[PDB]
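J.: no sequence on hand, only this structure:
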Ligand code: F3S
Ligand SMILES: [Zn+2]
Ligand SMILES: [Zn+2]
């Protein structure tokens, strides 16, 4: 699997392209969100934001 | 199995009410997952053997003496039957709550 | 100043759910049903006796023969029968108040108030 | 045994002592907690393999932290002298 | 150049969250969870000397505040000692790992410490267990705390508050 | 929306930000420069550490480095981003 | 702040301290182990050795042997001083033995000391067993040292500080006599009298069965300090020297702290 | 190989109590009473005395010819 997927990169326009030029994905994932920066495989948890704002009065 | 994490002097070890300090300390969290009841049973049997001076046989299916007899004899010899002890902290002198 | 005071008697002292927890229930005037958690070292109350309780932001004078603490008012709920449930957290120990007009709805306090709660023997 | 000062104010002192361990640190902390005007006193052993302690003292401004440490040392010395004079009598 | 790249890209504290999923890979272990539960339980009361001993292992120095209980005897509490480290605008409502059996109260009115309630950085009820500080537990209070105050506050918290758990565990007795 | 809305959002977000790779490359280049000649652009007396890496990080943080980054898009468009605050 | 005595055996000493803080008592307990100097073997000069034990093992066995360092605390320089040269701070002992035809055990009574007031505590400690036609010839050097440096310099075996108990009998439960491991209680005319209260270790096991007939507390300001020496020094000397070491350390700390304020 | 000079846990001398205990037990006396009257009360020293093997009596026959 490493030898198969070794030469993929993310360009400055959001696309995923191999180093040989061809295109794999028009935009990484579906919304260009890194799994490492996601809230457990989610772009943003709106319930968590509402909690962070008004949880001291719930 | 396991490696030595640190070596602690006798002054810093948690002595008991009779002055006995442990030679090796073993974390409780290693017991419930590995499920080695024989470890605790051997600890109790060894304490009984040292206190009484009587032979202890741990052959499978034919262990003599039984645990209840060993615990009763341990209680008769000045120690708590469940092989527990009251321990003080060697660094501060405060008595542990358990 | 929004001090709240009352005088009433202890109903019961149960055993609770945790190891050495205890719950003290008090039935009080004006349909108050104060019920607070204590531990073994804090148990200075009997099965039935007359006591006086005060809840106020200002720190009151206390002795060494009465029980009191400070915490926060963090829970205000309405019941289906028109009643109210109020909770004060003394940094973990819960004081639950069952009243009619509520403690925040009645404009007595607001959300997350640093309040002192004292109970003394009369 | 060498001392050094990490931080120092009128009501704060952080002192690192090399060559010492729990025997003196616990005694000093216990004595400091009895001196009036001291709000916080603690000692720490940064690493068991290194013989060195760190003492943190925080007062309320009535008494300097260094003065509090000196008073604690005086109390400990008084207790030691009393202990010697009483053990010698039995 | 190699040293600069290693320092700026490969530091441990910069990689608390794993790339497989959104969740911390570095977190509380086994003694830490037991110590956190024993310190956070409702029935823990500490004196001034015990509080000083517990806090001597961390870098915290400053005002302890008034004790949680003033009379008859001045007693602190485990949640008050824990609350000295949470940021003053952190809110969290969620169940604990002990809320699976008969302790499931499903709301804030719980006779048990089976529901965690934090308001403005004050821990008002609930205990710490695997579901609050445990590793590989996404959407825990540790995860949100890291996500909102950087790997910087994540590292500071893991360095400071996680040692009081061990200190209190060895202050009490934990055997089998 | 050239091709997709998400791509426009991505480009707008990264128009005025530095990726971690760019920061690491800038710090590495500056550290290599300071190791031989290249006297610092800041006051190197209050600094906690006298090693080149810390000085490079401090200079990048204060925004005194005269370094620009060229981002070449896949369609040939080029974008120049400057790290000096000026 | 009086000090009371419980028992004085050959090597054991048990005291009650009535107005001392726990920190000071624990410090005395630790210094009784760490900061009291005794004589012990430091180096061994080997000339011959045919015994089954190697040189390092024999040297270790010799070092573990306690010597009577009671009168030597006033004639020999302590380790804190210069002590590594300037002869006059090292004692010398010799051991020259040989077996002729039968195996022979060598005891600690075979060690000949140059200075006569420093002798082994016990003369019946087996050192090495020699086979036929085996011989040993060695010279060992003794010096003062603290237990902090090595455990062979510790003058005690056990040092204990525990709480002061208070046991009160409210009812007449007969279970308590057969539950307490320390034998605190006894049955006299069916009354459950307390014979020796100071033997309770606050085990709190009688509360699990009686629970209403026995009450257990700990006195807030009294502590029990029990030490047992090994034979080199008497217990009172050990306690006095431990407190003197505390005094020296505190004096040095204050002297170098107030200076350079 | 040979009896240790001191108990491992506490520094109590235990080497001088081996040749009495080893003899009176072989004479038919129960180990507990002999250990109690010899002055051994902590079970660490009892462990030290009760589980010694004394191999050196066999190794004296096979010694290095140096
Ligand atoms: S039954 Fe026995 S030994 Fe200690 S605490 Fe209770 S007394
Ligand atoms: Zn519950
Ligand atoms: Zn022993």
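T.: Cool, the structure landed. Numbers count the residues shown, from 1 in each chain, chains lettered A, B, ... in the order given. Ligands and ions are numbered 1, 2, ... in the order given.
J.: when you work out contacts or count neighbours from here on, use the C-alpha atoms and nothing else.
T.: Fine.
J.: mind listing what's buried along stretch E:79-99?
T.: By neighbour count on 16 or more other CA atoms under 10 Å in any protein chain shown, the buried set for stretch E:79-99 is E:79-84, E:86, E:90-96, E:98.
J.: distance of the closest residue to chain A within chain H relative to chain C?
T.: Going by CA to the nearest CA, chain A is nearest to residue H:9 of chain H, at 51.7 Å. Relative to chain C, residue H:9 is positioned 36 Å away (CA to the nearest CA, to the nearest Å).
J.: tally of neighbours for that residue?
T.: Applying other CA atoms under 10 Å in any protein chain shown, we find 17 residues neighbouring residue H:9.
J.: my guess is it contacts residue B:24, does it?
T.: No. Counting by CA atoms under 8 Å, residue H:9 stays clear of residue B:24, with 10.1 Å between them.
J.: returning to what we had before: what is the nearest of the buried residues of stretch E:79-99 to residue C:1?
T.: Nearest to residue C:1, judged by CA to CA, of these is residue E:80 at 26.1 Å.
J.: helix, strand or coil for the closest one?
T.: Counting by DSSP: H, G, I helix; E, B strand; the rest coil, the backbone at residue E:80 sits in helix.
J.: assess the claim that it and residue E:118 are in contact.
T.: No. Contact criterion CA under 8 Å: residue E:80 and residue E:118 do not qualify, at 11.8 Å.
J.: of the buried residues of stretch E:79-99, which belong to helices?
T.: Using DSSP state H, the subset of these located in helices is E:79, E:80, E:81, E:82.
J.: and chain A, which of those reach it?
T.: Applying CA under 8 Å from any CA of the partner chain to these, one finds that nothing falls near chain A.
J.: how about TSV for those, with distance to chain H added?
T.: What follows is those, written out as TSV (distance: CA to the nearest CA, whole Å):
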residue	distance to chain H
E:79	39
E:80	41
E:81	38
E:82	38
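J.: of the residues you listed, just say which sits nearest to ligand 2.
T.: Nearest to ligand 2 among these is residue E:79, at 17.3 Å by CA to the ion.
J.: contacting residues around the closest one?
T.: By CA atoms under 8 Å, 6 or more residues apart in numbering or on different chains, the contact list for residue E:79 reads C:91, C:92, E:39, E:40, E:41, E:123, E:124, E:125.
J.: repeat that for residue D:11.
T.: Residues counted as contacts of residue D:11 (CA under 8 Å, 6+ apart) are D:57, D:58, D:59, D:60, D:61, D:63, D:64, D:65.
J.: closest point of the stretch 1-150 of chain G to chain H, which residue?
T.: At 4.6 Å from chain H, residue G:125 is the closest residue in the stretch 1-150 of chain G, using CA to the nearest CA.
J.: neighbours of that residue, how many?
T.: Other residues near residue G:125 come to 24 when the count uses other CA under 10 Å.
J.: that one touches residue H:15, doesn't it?
T.: Yes. When contacts are counted by CA under 8 Å, residue G:125 is listed as touching residue H:15 (5.7 Å).
J.: can you list residues touching both of those two?
T.: Jointly contacting residue G:125 and residue H:15 under the rule CA under 8 Å, 6+ apart are residue H:5.
J.: buried sites along the lengthiest helix in chain B?
T.: Longest among the helix segments of chain B by residue count, using DSSP H, is helix B:37-52. The neighbour-count check on helix B:37-52 (16+ other CA under 10 Å) flags B:44, B:45, B:47, B:48, B:49, B:50, B:51, B:52 as buried.
J.: circling back to that earlier point, list the contacts for the residue of the stretch 1-150 of chain G closest to chain H?
T.: G:107, G:108, G:109, H:5, H:15, H:16.
J.: make a markdown table out of these and add neighbour count.
T.: Formatted as a markdown table, the contacts of residue G:125 follow (neighbours: other CA atoms under 10 Å in any protein chain shown):
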| residue | neighbour count |
| --- | --- |
| G:107 | 16 |
| G:108 | 20 |
| G:109 | 16 |
| H:5 | 23 |
| H:15 | 20 |
| H:16 | 20 |
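J.: please list the residues of chain A that sit near chain C.
T.: Chain A comes close to chain C at residues A:56, A:57, as judged by CA under 8 Å from any CA.
J.: circling back: tell me which two of the contacts of residue E:79 sit farthest apart.
T.: Taking CA to CA, the two most distant members of the contacts of residue E:79 are E:39 and E:124; they sit 13.8 Å apart.
J.: now the most centrally placed residue in chain A: how far from chain D?
T.: With distances taken as CA atoms, centre = their mean, residue A:33 lies nearest the centre of chain A, 1.7 Å away. With distances taken as CA to the nearest CA, residue A:33 is found 42 Å from chain D.
J.: quick check, that residue in contact with residue A:40.
T.: No. Applying CA under 8 Å as the test, residue A:33 and residue A:40 come out as separate, 11.5 Å apart.
J.: chain E: strands as residue ranges?
T.: Secondary structure of chain E by DSSP state E: the strands cover E:45-46, E:69-71, E:76-77, E:92-95, E:115-119, E:122-125.
J.: output the contacting helices and strands for the second one.
T.: This points to strand E:69-71. With contacts taken as 3 or more CA pairs under 8 Å, 6 or more residues apart in numbering or on different chains; DSSP states H and E, strand E:69-71 sits against strand C:67-78.
J.: list the buried residues in the strand it packs on.
T.: Using 16+ other CA under 10 Å as the test for burial, strand C:67-78 gives C:67, C:68, C:69, C:70, C:71, C:72, C:73, C:74, C:75, C:76.
J.: which element is the residue of chain C most remote from its centre on?
T.: Using CA atoms, centre = their mean, the residue of chain C lying farthest from its centre is residue C:80. It sits 22.4 Å away. Residue C:80 is part of no helix or strand when elements are defined by DSSP states H and E.
J.: list the contacts of it.
T.: By CA under 8 Å, 6+ apart, residue C:80 lies in contact with nothing.
J.: I'd like to know how far it sits from residue H:66.
T.: Applying CA to CA, to the nearest Å, the value for residue C:80 to residue H:66 is 98 Å.
J.: list the contacts of the nearest residue to residue G:125 once chain neighbours are set aside.
T.: Spatially, and ignoring its direct neighbours in sequence, residue G:125 is nearest to residue H:16 (4.6 Å; CA to CA, 6 or more residues apart in numbering or on different chains). Applying CA under 8 Å, 6+ apart, we find residue H:16 in contact with G:122, G:124, G:125, G:126, H:5.
J.: how far away is the fourth one from ligand 2?
T.: If I follow you right, that is residue G:126. Using CA to the ion, to the nearest Å, residue G:126 is found at 66 Å from ligand 2.
J.: that residue: neighbour count?
T.: So residue G:126, with other CA under 10 Å, has 21 neighbours.
J.: excluding its backbone neighbours, what's nearest it?
T.: Using CA to CA, 6+ apart, the closest residue to residue G:126 is residue G:107 (4.5 Å).
J.: for residue H:5, see how far away that neighbour is.
T.: Noted for residue G:107: a distance of 11 Å to residue H:5, by CA to CA.
J.: nearest to residue B:68 among the ones in helices among the buried residues of stretch E:79-99?
T.: When these are ranked by distance to residue B:68 (CA to CA), residue E:79 comes first, at 42.1 Å.
J.: any idea how far residue G:116 is from that closest one?
T.: For residue E:79, the distance to residue G:116 (CA to CA) stands at 65 Å.
J.: got a list of contacts for stretch E:82-92?
T.: Outside stretch E:82-92, the residues within contact range by CA under 8 Å, 6+ apart are A:51-52, A:55-56, E:40, E:116-123, E:141, E:145, E:157, E:161.
J.: at 10 Å instead, please
T.: Contacts to stretch E:82-92, defined as CA atoms under 10 Å, 6 or more residues apart in numbering or on different chains, come from residues A:48, A:51-57, C:91, E:36, E:39-40, E:60, E:63-65, E:116-124, E:128, E:140-141, E:144-145, E:148-149, E:153, E:156-157, E:160-161, E:164-165.
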